[PDB]
Every structure is written in C-alpha cells, then in structure tokens.
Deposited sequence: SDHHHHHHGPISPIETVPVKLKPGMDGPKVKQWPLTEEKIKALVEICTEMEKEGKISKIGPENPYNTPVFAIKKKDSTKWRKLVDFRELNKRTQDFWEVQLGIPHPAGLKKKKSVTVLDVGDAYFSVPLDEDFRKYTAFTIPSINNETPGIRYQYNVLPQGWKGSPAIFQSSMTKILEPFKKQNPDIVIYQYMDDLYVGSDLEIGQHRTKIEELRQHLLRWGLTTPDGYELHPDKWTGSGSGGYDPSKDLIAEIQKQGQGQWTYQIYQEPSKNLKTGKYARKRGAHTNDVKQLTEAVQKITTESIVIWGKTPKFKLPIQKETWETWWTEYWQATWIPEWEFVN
C-alpha cells in the first residue's frame, strides 16, 4: 500500500509523559485488548529503547459493558502538524441528531513508519511483575488529530452512496464520531440510522450504539479563536456554565442537573457536565472548549478517570 508522511510542528519533539497508575480492573482489560490488537498487527510490542510515552487508560461508554482503550493523545496532538469541510450551521437546527462512534475505521489505514514511535504507551504491570507492557501503533490510532484528517478521503467515499440517496440528512464528523441529523419523525430517523450502520458495516465499520440528541430545543463567534467554558457549582446536584471567547461576551449559558443515582460526588458530576457541554459545543461550533473547572488539580487528576465515558479528552485548567 502507501502511507501519508506526517511531521511534528517545527522545533517540537514527541511526547514523554509518565503513565499514571490504574486499577487492576483497567490493567486486566488493557492487556486483553492490546493482546488482540498485537495479533492483528494494529500495534507492536516495544521496549525502553523508545523514549516517548503517552498515558493510556480504559473506560466504558454510557450504558455499555465493553471496556474501550483510551490513549490521552492530547500532548501528541498539540505537537502534531496542522492539516490542510466547514461546519454545518444546519446541524443544531435538526429535530434529531445521532452520534456514532466510527473510530474502528482507522485501523485499516497504516501509519507513516517514521511517525509510529511517537504513539508509544505503557500498560502498567499488576503486582509489578514487569516494568510495564509497551506498544506503539502501526495504523491510524483513535484519538490522534491526524487520524480523521488522513482517513477523510476514505470516509467521504464510504459515505458517498448513502448521502446521494438522503440529501435531507446531515452527516458531520468530529474526531472519531459521526453526527447524523434529520428533521424526520423519530421512527423514520431511527431506521435511516440503521440503514447508515448497515452500509458502514458492509465496509467493515462496526458502530457502538449511538447517543441520540435533539438540538432544536436547546435554547459573535470567531472560529479562529478557542472556546472557553467556565463551570460553577450551585448545590443540590446543580451546576451552571458559560461558554465564551472574550470574557464579557458570553455566547451560551446553561445549567446542568446531575444524573440521578445513589453513587455521586462532585468529580463524577463535573465529568458529566464537561461531556454534555463539549457535546453541545461540537454540534453548535465544531470545536471543543477549554474548560475552567471549579476543583483542585490533584483531586481531579486522582479521580476523573473513574467516571470518564468519552473517547476524547478536552483541555482543562483548575483553581
């Protein structure tokens, strides 16, 4: 076949980020996953000769029993070159929008051999029987900024048939998810989703069941600048947030009520709020905000991975 040359931004080296400790449950799940990815060729074992590292952990999506590997490529993404498909203002106007995970599609495209070293990561060892189990990718990895950009031409022709027969439908890709929206009746909308998934399945693409959304009831953007989200605790499970680019010019405000449940706390509820706000920012503007979270760094960093349910990770800072 053939790959796409890729580069880090000028003057920048690959990531050297320590692996953080994990629960035995997550370690066991990463070992099962990575064992299989290795046999399939998607990743290769490596040793300490590779000086780069990126943290890994494991998560379960909302209403799902399947562990999913999540590599926190945020540092590699900052350092990866920019790549040179505008945002659909119509998406936020649709009666219904379904979110499909298509991250499995990347694993069919090889990664430039000279870039692979930068994607190394380390599964910690249970009971310290080894110093760790290390791998690097041979294919486009989920969560890397480069993967949807390189795959895009492939994605366009995967979707050309379906779009040709359904122009009343909007399909927007952000990172590793498709956003599929229509004003159709929900029954009509839900079966068009199946139709799309059948088609993607014919291409090998399997898709975890998607989250549904209805933005038409959600109630001066400069796309060259970052979005910022601030969150405040209100008490009794309630939260407020503002999204803005210049401090006094708010573009959106809202409030978030914590998920019902016997087990809850501020960290879990914050991860819920971040995920709901990020999802809305993507549908409205196509960008994930940088979050200002009302919580101590150490507390967040100790616990947030116990509650994360998304395949992406935003930037955040603390107080």
* Structure fact -> Taking the deposited sequence from residue 1, the uncovered stretches are 1-13, 98-102, 238-242, 343
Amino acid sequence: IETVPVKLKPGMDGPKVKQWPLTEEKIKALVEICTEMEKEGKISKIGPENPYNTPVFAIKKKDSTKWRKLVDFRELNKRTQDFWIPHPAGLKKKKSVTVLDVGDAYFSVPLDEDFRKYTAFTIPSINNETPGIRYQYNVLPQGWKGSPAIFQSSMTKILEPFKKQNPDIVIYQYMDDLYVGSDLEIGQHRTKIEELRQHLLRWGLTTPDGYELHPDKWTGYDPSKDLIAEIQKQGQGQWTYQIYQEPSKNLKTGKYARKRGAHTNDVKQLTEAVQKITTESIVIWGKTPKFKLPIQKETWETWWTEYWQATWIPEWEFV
From here on, numbers count along this sequence of modelled residues.
* Should the higher mean CA B-factor in the entry be assigned to 188-196 or to 134-142? -> 188-196
* Asked: Once you work out the mean C-alpha B-factor for both 204-212 and 69-77 from the entry, which is higher?
  -> 204-212
* Asked: Quick one: which of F151, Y118, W239, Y221 has the biggest Cα B-factor according to the entry?
  -> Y221
* Taking the Cα B-factors listed in the entry, which of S147, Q232, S125, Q165 comes out highest? -> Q165
* To do: Could you say whether, by C-alpha temperature factor, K62 belongs to the lowest, middle or highest third of its chain?
  => highest
* Asked: Going by what the PDB entry lists, where does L178 fall on CA B-factor within its chain: lowest, middle or highest third?
  -> lowest
* Entry-reported Cα temperature factor of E306, expressed as the chain third it lands in -> lowest
* Structure fact -> Chain thirds by Cα B factor, record data; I228 belongs to the middle
* **For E2, the third of its chain into which the C-alpha B factor falls** => highest
